[PDB]
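**Q** Residue numbers (PDB author numbering), protein chains in the order written: chain B, 889 to 958; chain A, 157 to 549, 610 to 846, 869 to 958; chain C, 259 to 348. My questions will all concern the structure given below.
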Ligand SMILES: OC[C@H]1O[C@@H](O[C@H]2[C@H](O)[C@@H](O)[C@H](O[C@H]3[C@H](O)[C@@H](O)[C@H](O[C@H]4[C@H](O)[C@@H](O)[C@H](O[C@H]5[C@H](O)[C@@H](O)[C@H](O)O[C@@H]5CO)O[C@@H]4CO)O[C@@H]3CO)O[C@@H]2CO)[C@H](O)[C@@H](O)[C@@H]1O
């Protein structure tokens, strides 16, 4: 989703329709699956963490920077 | 047989750590070389400040991360200790232990906690003839004396029950106030009735102690009077003779079953007007001297009022560590991890601070051992006096170095310990009273180079460093149970004052004669890595001076400069990515082998940033002022509040100014805003709690105000 | 009181005990209880509360405990042995 998400940005706004449909199905699968995987690998369900958010946004910059450079 | 074994990391988590940290160092070096050479950034002062602060951070990090190299683990074997040294069927051959407890004043902290810790000390699993407890007070208050008198009877009642049913923790308050199932693995048929009766007795004792505390608040004009009908010697705090008393000893009371109980010695020093007395260095040193006279124990276990003994095995584990001819000869003290209790789920205060106690302390254990912290340490008596490691690496001289008293010199001349005369106990009490005289430490080397290193504020780390410079080695033992649990501060003012005190003590040590940069350089006997770790621990507050400037940088860069650094696809961005991924992978891999929760590292680093922002800054400025010569929490919060407001106003104003532009900031705006967001996210959670009534939900009104203020800024920009 | 079924008489009895256990001279304070339902349950509850107050008033007035309501006092998780100095309190 993140890789294709960036690949849609490079296009000239031609994915305004297709991107949401493809992303929505991925979001449905992830939203169902993610909460379970968080708890077993996480110490509490009240607050998953704040570091993973930092890593995710930094990882978002990672893919974005690479796409701009390659 | 080996009573304790010390095994390093299994090497499945250590070589990858070493490789990743070396890669990080190489990447940092390449980054700094490229930054120094190629870019100019079109501005000299801003770029110079950024690069110099980054270089200072790099030096700090490289000098702080190396001590973590070569982590080491350890475990002890009480079963084999008992099998060999206990020698069932023949007299025991276990060394004596002298527990120390020091109190300042009963009003600031209730005497109930002191009584609880005294009971926990008196209810350890060790032969009664060996363990001996000592309690010292600086206030010389009769409330503490009466509390100890009542605690003597309560201990007489409580010790047989605890030692017979092997209950834990030994502290009565902290044990009865437990919601864990008390009937879990107890097989004694008559446990329930005994527990109920002992609980009722403990409640009665609590009532009596509360009555004494309430009575103590009223001061008669004639002064305090004892039950026997004698004026209290400690009427005037400034001027009063020193007094020594004995309880629950072989001479005193005995247990209900007839067995004896460990002796408890209550010592109050002699203080006079015009005489300089140290806060705690002069109390523990006097305790060491008076113990050397009364019961010469080779091992002295130091503690505090708040901290009590959790499990009745810490003494046995210390004996296991210190008794081995191989791994017990060069050992000087066995530092224990001081764990705290009464922690909520949201530990926003980060008072736990176990990343230091586990990731860093164990890492340092490999080279030369941990540092004295001020609680839970079994010092070697000879090491405390100062002799150097055995098998390294005149009478007038002995008088000069130790003191004028000849009895103390004769007692300390014995390596094994004990009392050689073994007679005339009353004369020994008189000799102890003489030894605790105010003028004993006038021109001797007490404290200066022998005992607790005299210091204005902080001396534990100084004493540990001084005694390590002589070639000694220390151990770090982590039992499955904490074995030393104590109450922790729960508010923010106390925590801020404590961190400020630590920073001030570190700065004072740095500016004093005992400076690692140019101290302990004769004869070696100090590992280079250990000296590097000491330098890290001493000059850590100085990083606040560049940290404040660095965290201020983004606010100005986003408003006036409007630039950070030109971006080059080939090399600059690649180096940025390398650093960013290397730091996170290093953190994860380090956490892998230490069993630390991921959120704990983030919480600790944000707390460290806060302390650098305010506590370390004020401490270092006060250090400069004191060195040149020769605070409220509200004032302490001024720098954090100022930085938060300046950063938020700058980021919002620059966001509006970039929006007014024709989409020409698509890269630079994100680049400039990321650093500000990082700083604000590290800083805001702390300020919210102190200015908020709860951490669960900050508020909803502040969100309304923030959106309305954003509308205000937008409207003002549109209209002007 | 309006009716004992809508609200249990236990709360009314607790309030009556709290009223009867105030710190004021016994000759001055006087309590009055009125009912609109005229139910015998309230009368019997008050009759029993009279004996319970006879038992409870000296203890409360001697040990200066608070709050005076027994239902709302015994059901408190705050440390009940906080600042009590009476030797035979337990
Ligand atoms: O516990 C009681 C005991 O405390 C003693 O004082 C201790 C204190 O207890 C410790 O908490 C403290 O530990 C901190 C270090 O002092 C401090 O130097 C260190 O700073 C680190 C920081 O933790 C780390 O996050 C940071 O990483 C950054 C890199 O530096 C950057 O290059 C990169 O860009 O970003 C990362 C962050 O993402 O590096 C710095 C070092 O450069 O943080 C420690 C806490 O985590 O040390 C004190 C003494 O040294 C006290 O003396 C005793 O009396 C007392 O008993």
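Note that beta-carbon positions come from the ideal geometry of N, C-alpha and C, so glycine has one too.
1. Residue 768 of chain A: beta carbon under 8 Å from a heavy atom of ligand 1?
2. Can you tell me whether residue 266 of chain C is buried or exposed, with buried defined as 16 or more other CB within 10 angstroms of its CB?
3. So residue 348 of chain C contacts chain A; which residues on that side make the cut at Cβ distance below 8 Å?
4. Please list, in chain order, the chain A residues whose beta carbon lies closer than 7 Å to that of residue 939 of chain B.
5. Would residue 956 of chain B count as contacting chain A if we go by Cβ distances under 9 Å?
6. Using 8 Å as the cut-off, classify the Cβ of residue 915 of chain A as near or not near the heavy atoms of ligand 1, replying yes or no.
7. Determine the extent of the alpha helix (DSSP H) in which residue 750 of chain A is found, giving its start and end residues.
8. Give a single yes or no on whether residue 792 of chain A has its beta carbon closer than 8 Å to a heavy atom of ligand 1.
9. To the nearest angstrom, report how far apart residue 893 of chain B and residue 948 of chain B are at their CA atoms.
10. Going by C-alpha to C-alpha distance, which of A/208, A/958, A/333, A/210 sits closest to residue 335 of chain C?
11. Using 10 angstroms around the beta-carbon of residue 899 of chain B, count the other beta-carbons present and answer buried if the total reaches 16, otherwise exposed.
12. Spatial neighbours of residue 687 of chain A within its chain, please: CB distance less than 7 Å, with the 5 preceding and 5 following residues excluded, ordered by chain position.
13. Who are the near neighbours of residue 169 of chain A in its chain, counting only those whose CB is closer than 6 Å to its CB and skipping five residues on each side?
14. So the beta strand (DSSP E) residue 689 of chain A belongs to, where does it begin and stop?
15. Between residue 216 of chain A and the rest of its own chain, which residues show a CB-CB distance below 6 Å, the 5 nearest in sequence each way excluded?
16. Would you grab the beta carbon distance between residue 310 of chain A and residue 268 of chain A for me? Rounded to a whole angstrom, and I think it's under 8 Å.
17. Please tell me whether residue 948 of chain B has its Cβ less than 9 Å away from any Cβ of chain A.
18. If we call anything under 9 Å between Cβ atoms a contact, is residue 520 of chain A one with residue 224 of chain A?
19. Leaving aside the five residues before and after residue 614 of chain A along the sequence, list all residues of the same chain whose C-beta is less than 7 Å from its C-beta, in chain order.
20. Is there contact here, the stretch 931 to 948 of chain B with the stretch 201 to 218 of chain A, by at least three beta-carbon pairs under 8 Å?
21. Curious, which full-length alpha helix (DSSP H) runs of at least 4 residues does the stretch 620 to 663 of chain A contain?
22. Are the stretch 669 to 686 of chain A and the stretch 716 to 728 of chain A in contact at 8 Å, needing three or more beta carbon pairs?
23. Please work out which residues of its chain come closer than 7 Å, Cβ to Cβ, to residue 260 of chain A, disregarding the five sequence neighbours upstream and downstream, and give them in chain order.
24. Measuring only between beta-carbons, confirm whether residue 890 of chain B sits less than 9 Å from chain A.
25. 9 Å is my cut-off, CB to CB: does residue 604 of chain A come that close to chain C?
26. Return the Cβ separation of residue 541 of chain A and residue 666 of chain A in integer angstroms, given the expectation that the two are a contact with Cβ distance under 8 Å.
27. Work out the CA separation of residue 346 of chain C and residue 323 of chain A for me, nearest whole Å.
28. Tell me the DSSP secondary structure of residue 231 of chain A in three-state form.
29. Taking only beta carbons into account, state which residues of the stretch 362 to 396 of chain A come closer than 9 Å to chain C, listed in chain order.
30. Mind checking who residue 401 of chain A pairs with in its DSSP beta bridge?
31. Could you give the C-beta distance for residue 273 of chain A and residue 464 of chain A, rounded to a whole number, given that I count them as a contact under 8 Å?
32. CB residue 654 of chain A to CB residue 425 of chain A, shorter than 9 Å?
33. Are residue 183 of chain A and residue 794 of chain A closer than 9 Å when you measure CB to CB?
34. What I want to know is whether the C-beta of residue 756 of chain A ends up closer than 8 Å to one or more non-hydrogen atoms of ligand 1.
35. Grab me the residues of residue 951 of chain A's own chain with a C-beta within less than 8 Å of its C-beta, minus the 5 sequence neighbours each way, in chain order.
36. Alpha helix (DSSP H) containing residue 962 of chain A: first to last residue?
**A** Put simply:
1. By 1-based counting over the second chain, the position of residue 768 of chain A is 552. Residue 768 of chain A Cβ: outside cutoff for every heavy atom of ligand 1.
2. Start at 1 with the first residue of the third chain, and residue 266 of chain C comes out as number 8. Exposed: under 16 other Cβ atoms inside 10 Å.
3. In the third chain, the residue the question calls residue 348 of chain C occupies position 90. Chain order gives the chain A residues near residue 348 of chain C as 356, 359, 360, 363, where near means a beta carbon separation below 8 Å.
4. Indexing the first chain from 1 puts residue 939 of chain B at position 51. Neighbours of residue 939 of chain B on chain A, chain order: 814, 815, 818.
5. Here residue 956 of chain B is taken as the residue at index 68 of the first chain, counted from 1. Interface residue, yes.
6. Stepping through the second chain from its first residue, residue 915 of chain A is reached at position 677. Result no, Cβ not under 8 Å from ligand 1.
7. Sequence index remark: in the second chain, residue 750 of chain A carries index 534 (1-based). Note, residue 750 of chain A: alpha helix (DSSP H), 744 to 754.
8. In the second chain, the residue the question calls residue 792 of chain A occupies position 576. False, no ligand heavy atom lies under 8 Å from that Cβ.
9. Along the first chain, read from residue 1 onward, the residue named residue 893 of chain B stands at position 5. Along the first chain, read from residue 1 onward, the residue named residue 948 of chain B stands at position 60. In a straight line, the C-alpha of residue 893 of chain B is about 10 Å away from that of residue 948 of chain B.
10. Stepping through the third chain from its first residue, residue 335 of chain C is reached at position 77. Residue A/333 is the option with its Cα nearest to residue 335 of chain C.
11. Within the first chain, residue 899 of chain B is the residue found at index 11, counting from 1. When all chains shown are included, residue 899 of chain B counts as exposed.
12. Residue 687 of chain A sits at position 471 when you count from the first residue of the second chain. Around residue 687 of chain A: 544, 545, 548, 549, 741.
13. By one-based count along the second chain, residue 169 of chain A stands at place 13. Around residue 169 of chain A, the same chain offers 808, 809 as residues with beta carbons nearer than 6 Å, after the five sequence neighbours per side are excluded.
14. Taking the first residue of the second chain as position 1, residue 689 of chain A is located at position 473. Taken as a continuous stretch (DSSP letters only), the beta strand (DSSP E) holding residue 689 of chain A covers 689 to 692.
15. Translated into the one-based positions of the second chain, residue 216 of chain A becomes position 60. The beta carbon of residue 216 of chain A sits closer than 6 Å to those of 759, all from its chain and outside the five residues before and after it, given in chain order.
16. Walking along the second chain from the start, residue 310 of chain A turns up at place 154. Walking along the second chain from the start, residue 268 of chain A turns up at place 112. Rounded, the Cβ-Cβ distance is 11 Å, inconsistent with contact.
17. What you label residue 948 of chain B is simply residue 60 of the first chain in a count that begins at 1. Chain A, which has no Cβ nearer than 9 Å to the Cβ of residue 948 of chain B, makes this no.
18. Taking the first residue of the second chain as position 1, residue 520 of chain A is located at position 364. Taking the first residue of the second chain as position 1, residue 224 of chain A is located at position 68. Contact: yes.
19. As a working mapping, residue 614 of chain A is identified with position 398 in the second chain. Once the five neighbours on either side are set aside, the close Cβ partners of residue 614 of chain A are 625.
20. no
21. Runs of the alpha helix (DSSP H) lying entirely within the stretch 620 to 663 of chain A, each at least 4 residues long, are 622 to 628, 641 to 651 in chain order.
22. Contact check between the stretch 669 to 686 of chain A and the stretch 716 to 728 of chain A: three or more CB pairs, one atom from each, fall below 8 Å, which counts as touching.
23. Position 104 of the second chain holds residue 260 of chain A. Correct list, in chain order: 294, 295.
24. Sequence index remark: in the first chain, residue 890 of chain B carries index 2 (1-based). Not closer than 9 Å to any Cβ of chain A, the Cβ of residue 890 of chain B fails to qualify, so no.
25. Missing from the coordinates: residue 604 of chain A, inside the break in chain A from 549 to 610.
26. Counted from its first residue, the second chain places residue 541 of chain A at position 385. Counted from its first residue, the second chain places residue 666 of chain A at position 450. Contact flag correct, Cβ pair sits at about 6 Å.
27. Within the second chain, residue 323 of chain A is the residue found at index 167, counting from 1. Within the third chain, residue 346 of chain C is the residue found at index 88, counting from 1. Roughly 28 Å separates the two Cα atoms.
28. As a position in the second chain, residue 231 of chain A is number 75, starting the count at 1. Of the three classes helix, strand and coil, the one that applies to residue 231 of chain A here is strand, per DSSP.
29. 362, 363, 364, 366, 367, 368, 369, 370, 371
30. The residue you call residue 401 of chain A lines up with position 245 of the second chain. The partner list for residue 401 of chain A (beta bridge, DSSP) reads A/422.
31. Translated into positions along the second chain, residue 273 of chain A becomes position 117. Translated into positions along the second chain, residue 464 of chain A becomes position 308. Confirmed, Cβ separation roughly 4 Å.
32. Here residue 654 of chain A is taken as the residue at index 438 of the second chain, counted from 1. Here residue 425 of chain A is taken as the residue at index 269 of the second chain, counted from 1. For residue 654 of chain A and residue 425 of chain A, yes; Cβs fall inside 9 Å.
33. Walking along the second chain from the start, residue 183 of chain A turns up at place 27. Walking along the second chain from the start, residue 794 of chain A turns up at place 578. Yes, they are a contact pair.
34. Here residue 756 of chain A refers to the residue found at position 540 when the second chain is read from its first residue. Residue 756 of chain A Cβ: within cutoff of ligand 1.
35. Working through the second chain from its first residue, we reach residue 951 of chain A at position 713. The residues are 890, 891, 894.
36. Lying before the first or after the last residue shown, residue 962 of chain A is absent from chain A, which here runs from 157 to 958.
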